[PDB]
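**Student:**
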Amino acid sequence: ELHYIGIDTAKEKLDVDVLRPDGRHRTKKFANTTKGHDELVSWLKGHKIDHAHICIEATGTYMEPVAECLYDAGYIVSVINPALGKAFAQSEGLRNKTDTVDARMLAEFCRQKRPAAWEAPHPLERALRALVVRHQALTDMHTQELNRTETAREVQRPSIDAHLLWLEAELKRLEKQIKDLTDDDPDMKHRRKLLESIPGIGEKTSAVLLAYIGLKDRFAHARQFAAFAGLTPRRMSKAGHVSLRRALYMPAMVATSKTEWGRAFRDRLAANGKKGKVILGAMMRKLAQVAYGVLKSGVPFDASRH
Amino acid sequence: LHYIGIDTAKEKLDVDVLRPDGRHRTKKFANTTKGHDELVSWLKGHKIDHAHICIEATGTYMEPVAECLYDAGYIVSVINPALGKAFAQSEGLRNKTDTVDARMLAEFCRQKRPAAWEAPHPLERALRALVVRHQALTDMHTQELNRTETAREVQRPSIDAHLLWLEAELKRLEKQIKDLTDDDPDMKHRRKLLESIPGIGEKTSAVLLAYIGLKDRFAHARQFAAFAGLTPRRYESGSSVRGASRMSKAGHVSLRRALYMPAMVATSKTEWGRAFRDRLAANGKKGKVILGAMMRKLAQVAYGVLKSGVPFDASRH
Amino acid sequence: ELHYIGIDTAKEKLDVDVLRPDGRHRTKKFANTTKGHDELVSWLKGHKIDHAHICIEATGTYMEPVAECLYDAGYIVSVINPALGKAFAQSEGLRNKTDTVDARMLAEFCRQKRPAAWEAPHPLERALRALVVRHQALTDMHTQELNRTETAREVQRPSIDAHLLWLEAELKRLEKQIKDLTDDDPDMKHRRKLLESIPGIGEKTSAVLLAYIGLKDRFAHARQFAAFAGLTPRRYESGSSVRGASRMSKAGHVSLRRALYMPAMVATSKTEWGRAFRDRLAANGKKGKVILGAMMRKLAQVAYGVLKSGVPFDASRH
Amino acid sequence: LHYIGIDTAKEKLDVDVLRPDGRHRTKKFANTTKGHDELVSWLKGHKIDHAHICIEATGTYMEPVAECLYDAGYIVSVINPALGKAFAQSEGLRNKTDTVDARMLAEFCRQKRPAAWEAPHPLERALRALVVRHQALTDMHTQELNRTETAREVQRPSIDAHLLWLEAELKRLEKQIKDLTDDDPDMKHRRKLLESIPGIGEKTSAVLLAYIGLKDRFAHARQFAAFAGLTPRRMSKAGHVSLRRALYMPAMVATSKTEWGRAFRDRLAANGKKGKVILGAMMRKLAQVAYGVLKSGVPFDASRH
RNA sequence: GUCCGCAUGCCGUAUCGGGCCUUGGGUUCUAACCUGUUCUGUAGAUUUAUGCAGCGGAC
RNA sequence: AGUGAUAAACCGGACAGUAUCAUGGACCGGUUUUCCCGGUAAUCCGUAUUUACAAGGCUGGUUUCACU
DNA sequence: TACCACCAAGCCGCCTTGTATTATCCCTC
DNA sequence: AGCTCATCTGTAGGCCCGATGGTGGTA
DNA sequence: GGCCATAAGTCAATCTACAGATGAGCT
DNA sequence: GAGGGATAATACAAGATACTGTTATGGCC
Ligand SMILES: [Mg+2]
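Residue numbers (the numbering used here), protein chains in the order written: chain C, 1 to 306; chain Y, 1 to 317; chain B, 1 to 318; chain S, 1 to 305.
#1: Using the three-state DSSP reduction, which class does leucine 280(C) fall into: helix, strand or coil?
#2: Could you run through the stretch 176-206 of chain B and flag, in chain order, every residue whose CB is less than 9 angstroms away from some CB of chain S?
#3: Closest to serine 77(Y) by C-alpha separation, out of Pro64(Y), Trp117(Y), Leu194(Y) and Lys12(Y), would be which residue?
#4: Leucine 138(B) and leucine 167(B): beta carbons closer than 7 angstroms?
#5: Is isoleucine 177(S) helix, strand or coil when you go by DSSP?
#6: Ordered along the chain, which non-local residues of its own chain (more than five positions away) have a Cβ less than 7 angstroms from that of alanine 246(S)?
#7: Taking 7 angstroms as the threshold (beta carbon to beta carbon), is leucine 105(S) in contact with chain B?
#8: To the nearest angstrom, how far is the alpha carbon of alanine 73(C) from that of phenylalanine 109(C)?
#9: How do the stretch 115-129 of chain C and the stretch 225-237 of chain C stand: do at least 3 beta-carbon pairs fall below 8 angstroms, yes or no?
#10: Leaving out the 5 sequence neighbours to the left and right, which residues in its chain are closer than 7 angstroms to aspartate 184(S) when beta-carbon positions are compared?
#11: Can you check DSSP and say which residues form a bridge with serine 77(Y)?
#12: Verify whether the separation of the beta carbon atoms of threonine 256(C) and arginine 266(C) is less than 7 angstroms.
#13: Check the DSSP bridge columns for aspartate 17(B) and list the partner residues they point to.
#14: Can you tell me the Cα-Cα spacing of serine 245(Y) and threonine 98(C), whole angstroms?
#15: With contact counted as at least three CB pairs below 8 angstroms, one residue from each stretch, are the stretch 17-25 of chain S and the stretch 270-289 of chain B in contact?
#16: Are there 16 or more other CB atoms within 10 angstroms of the CB of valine 289(S), so buried, or fewer, so exposed?
#17: Determine, using beta carbons only, whether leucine 146(B) and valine 306(B) come nearer to each other than 7 angstroms.
#18: Say whether chain S places a C-beta atom closer than 7 angstroms to the C-beta of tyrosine 236(B).
#19: Beta carbons nearer than 7 angstroms to chain C: which residues of the stretch 47-64 of chain B have them?
#20: Compute the minimum distance between the beta carbon of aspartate 17(C) and the heavy atoms of ligand 1, and state whether it is under 6 angstroms.
#21: Taking 7 angstroms as the cut-off, decide whether the C-beta atoms of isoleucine 160(B) and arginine 148(B) are in contact.
#22: Can you find a CB in chain C that lies within less than 7 angstroms of the CB of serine 159(B)?
#23: Output, in chain order, the set of chain C residues within a Cβ distance shorter than 7 angstroms of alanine 130(B).
#24: By DSSP, does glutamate 236(Y) sit in helix, in strand, or in coil?
#25: Is there contact between the stretch 60-71 of chain C and the stretch 81-88 of chain C, where contact requires at least three CB pairs shorter than 8 angstroms?
#26: Between the Cα of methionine 295(B) and the Cα atoms of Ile201(B), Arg218(B), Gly239(B) and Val242(B), which residue gives the shortest distance?
#27: Let me know the secondary structure DSSP gives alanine 206(S) once reduced to three states.
#28: Residues of chain S with CB under 7 angstroms from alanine 126(Y), in chain order?
#29: Which residue comes first and which comes last in the beta strand (DSSP E) that contains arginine 111(C)?
#30: Taking a contact to mean a Cβ-Cβ separation below 7 angstroms, would you say residue 320(B) touches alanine 211(B) in this structure?
#31: Ordered along the chain, which non-local residues of its own chain (more than five positions away) have a Cβ less than 6 angstroms from that of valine 40(Y)?
#32: For chain S, is any of its Cβ atoms less than 7 angstroms away from the one on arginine 257(Y)?
#33: Could you check where the alpha helix (DSSP H) with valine 241(Y) kicks off and where it finishes?
#34: So, for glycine 85(C): in the same chain, excluding its five sequence neighbours on each side, which residues have a beta-carbon less than 8 angstroms away from its beta-carbon?
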């Protein structure tokens, strides 16, 4: 006795499809609102559905309320990468693509694949990643305006210089807001110190790594976390968080250039005859693994191991 | 019930059994009559009485082993290679640049539980073989036709000699097809029904029989249209993603190829065709769009007329 | 007597290649600095070169000072579209040494084609376009931060809301700076009112149009200004077989093309003469965006027409 | 001197004359033996007895009119169409029509002053035609060979019957080519020089001679390498594919089996070059050495390499 | 010999940007008609090849 | 930077192909959403040959070596 | 003790002209 | 003075150029 | 003097949902 | 009454798997 539910999410609506143990489908549309989420739970209890595994494609942040609602209702929620769903639909031989089809396709995804259960991240983890991605957003905007000074007309410059001062201030404000967040929590304070002990990783990179690694050891292996960033070869897969991947490139250079263990790594690969960026790609992968390793070890970085 | 996947190749087979408990027995074999008997014996050795084998439709290299296991007394499924690739990509994020392993096909078989494959009737195999040979030589004839336009004088003897040969051969095959369909009383009758449709003649009917077959495999005419890849492909999500509808093309190309000129003959110089054309033309559709739609219609009517078992009735349209 | 010079510009260094009437070359590289620009002029006068036609590629802000320098030093300066430059290099050979267009190639471009002479913009024209493109940059960033509010985390919202305020303030400030520019000059003040008289054009669109049309009427026909914005269809007819389909060329300033879209949408919807234009097109098998693309072209063409006429918009003419 | 630009079509012509004073004169003609005789007369109508005519290398529809005007007494230039298009994009940014292109070729002619086109010798034209036909039948013979691999048994009589026909025809042309060569004393000797190179045999010698021709129409051997599209820009590939493809198998036979070829392979292998990069390099070399050997007029000498 | 450890070797070309240039074609002929699908964006998801080598532990 | 010489050295990833596979979204009656059952030669959603085919064109960069 | 300067840097053919298929209807020997 | 509401499949080319972060080494 | 093997054989993340602009008539 | 010729359509994009031949020469018989 286990139902398999599939929810295709939109901004406004929720298309739901319940696959019963007998094999027949029940479907109903709902509003993607706090009210319409309570309507969904009531409609499941209406049909006497107590145990169910619910599958839902990671679709912006429109699925996040209902995923947490159904988790709290006491169901098994799985939030799948939508690339998998796309591939599954093709494997299921489906020609047309509609919302009703997708909700059914997700129900069958749930039954066949039996995906891993989804856990809502800790409030601190959610806060930290929010600040970190906001910080990258301002940096990008600061870089836009900093490029413009190069070829700016003299009537444009007062505006550009003014904007740069604002952006530089706001950037510092967040950096403190981040520091306050990690310093308050005893665990994050300690874990961040461990990351900064790695030569090549500083204030900025340590925050990014904590945002994606989290409080607890959610990864079982170092190579898993490296793969999660899209750093493991397939050429690099690039099948992982781009914000995590981009944050490691400049750490990789200062490591391979101005550290002992970095130059040691650089020279070894240089000997075998690797190009500059190939070595950097490799060092990005290594920094990721070492970062996860240092945290699980729970003791400062030790160069002797490398 | 065990689940087996076979990664077929020209020279080697690669086999992966999945036991009910969940352990993998694996062995490679030669893709030969000997190595097919080795497989059956190896399966029978490990006390594998009932199993569901899944094979990719790679080509003619997988056909003997599929027949061997069918005879041995197993459930053989022969899957569209695109489904296998898509399945591998649904199993992981980074399986794009990877082969579909025998293990993957066993998992495919367990999860999907695909339909059982049936070997075609020897007569159906012969017909489809002749029909695609006929298409092959038409293409070659067309090549040489195009060459006559801009030929040099020293080349023309060679091109003209080839054209004679190709026309003689095309004519020989057309008789060999006619003799095949006439000899069998079922095909003779079913062909006559297809030709009753206005827009469908001697060549198209042979192509339709080659893919419809003796038995009525398709439950609904809709499905035979989908089989040819002639149905539109909807692409809709939320209130933003709005992909324009287009011909799916996810079906037999040999079929889809054969229906275009019929569609053009239908919509142009036929009562029921013009009627269809005008209605869509009024609704504001392009010329080639109307043909694409008529192609789907002909396929759908072709199966409909056979399913009825009576000649084409214009009143129904 | 007339020499043909080509200058291949870079950030730091100039690369000059004189072509003599006889056919021999003179080559000398210079620094791309105020000193090196005066050094260039002296060097040309050194070799008794008073009459010459200089050809430079339009690569941005590194080639502007030297183009000014030579124009003032009494020479015919042509500033060519780099797309023309590359196409010329490919017409000279099939397997060219490099894909780059060197100074020698530019000297040759100048000789064979005798391109049109480049006139330096008026300080006010150059200032107005500077402010207008700055305004469009801040509008883009404002739109970025607007989109973010939709899906923002609550810890992020204070930062986004704060930025939006700054951007909105800056945009108001900059719009006033534009208004004060045009209202000071009696020429620009008059021309702006003539533009705004057109239904579907207001304060923002008028400034963009003035920025690209300028003080004087450089275009002979109004169709040419529509082409300058990249709003004219692109035909691809060849022989009998090769017949494609007409789409917008988009071969022109994006700043103009982006500025006219919402005006066109206002015109066809609310204004009488626009609605009239929409309907006649809509009668034929013409889709919504196709009508907008058409109205965009029309608005540009009317915008120029009105300024050339020198009298406010008159609905009777449409 | 007048600058005339002919835009060619299957049926019609679009002539555009540009006078020294700088005024256009347009007049259409039919692309026929009659309409070519009209053109000659109409030019002499406006007292044009000395002009440079520019026309795109467009199919074979411009071959008669080019031969006509060459015989009439004009400087005919037949330009690569890729150049023409590039020139059109250098003049403007917009629109592509027949009326534009006819006028455009007059401007091309004036500014560029392109090299004069010379009609091939009948034998050069015949040999090329046979060699081109021979490739067409080889490509068809391969199709039917591939088809035997996976053929059904009812198809197999048809495929085998076709192969026999194709093999008979290939053998026939190879003789027709050999007869053409052995008759002409020049081609007979020229081909013998080509075959003397280790790595070039019956097949390749005919292909090379088809594109080199009777006269030494290239100044240097490195020019002929460029004409095949074998020179690095990665290979440009800006040349005859028929000439290019013919050298790949000779290149393998050279680098693998011949003494001078192995030497070449080894030297690049020492520097650390990939398999196909060495083949790419040897293709260029065979082309260069082929032309060199003909210039010399002396059988291949290994010493030089 | 098997299984399990690994911040190990082998494999690895990051992510974002900025500025500037653009003087149609046909017609009943240039503020007319025919021909015309703007310019930019935003957010989220991603758990090993441990595949093969080493090195270590347990039985 | 020209001109002449070059069968040398450096720079070099050719072309053409073949076979095979493919059971719509839905609509119309029941049930009283879908699912499921029955029906579909009708209506709405369709730019064929998941690459249609043919012919033609293509006069190197540099380093040595001479002469300006 | 706060401030400055490096650290890495790949992409791979273009053009111009043409035409066939099949089945049904209409015209001529 | 303020608010709504008009469009919905995707497809121009070229040339000049810069930032990121975290060390070890300066003033 | 007629047959037969055989030399060569790189590629550049994937998805899923979403939004703004400007100017004129209306409120 | 039967056989041959002409016309209908025109912007293009977007699925997978398995596989082969070319030529010329030094090896064989
Ligand atoms: Mg969805």
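All C-beta atoms in this analysis are idealised placements derived from N, C-alpha and C, irrespective of residue type, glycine included.
**Tutor:** The short version:
#1: helix
#2: none
#3: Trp117(Y)
#4: yes
#5: helix
#6: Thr204 and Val207
#7: no
#8: 22 angstroms
#9: no
#10: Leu123
#11: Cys54(Y)
#12: yes
#13: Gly6(B) and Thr27(B)
#14: 12 angstroms
#15: no
#16: buried
#17: no
#18: yes
#19: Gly60 and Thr61
#20: no
#21: yes
#22: yes
#23: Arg153, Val155 and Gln156
#24: strand
#25: no
#26: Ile201(B)
#27: helix
#28: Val154
#29: Where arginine 111(C) is concerned, there is no enclosing beta strand (DSSP E), although the alpha helix (DSSP H) it sits in stretches over 99-113.
#30: The structure shown has nothing for residue 320(B), since chain B only spans 1 to 318.
#31: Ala72
#32: no
#33: Not the alpha helix (DSSP H): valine 241(Y) falls in the beta strand (DSSP E), residues 241-247.
#34: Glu57, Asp102, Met105, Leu106 and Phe109
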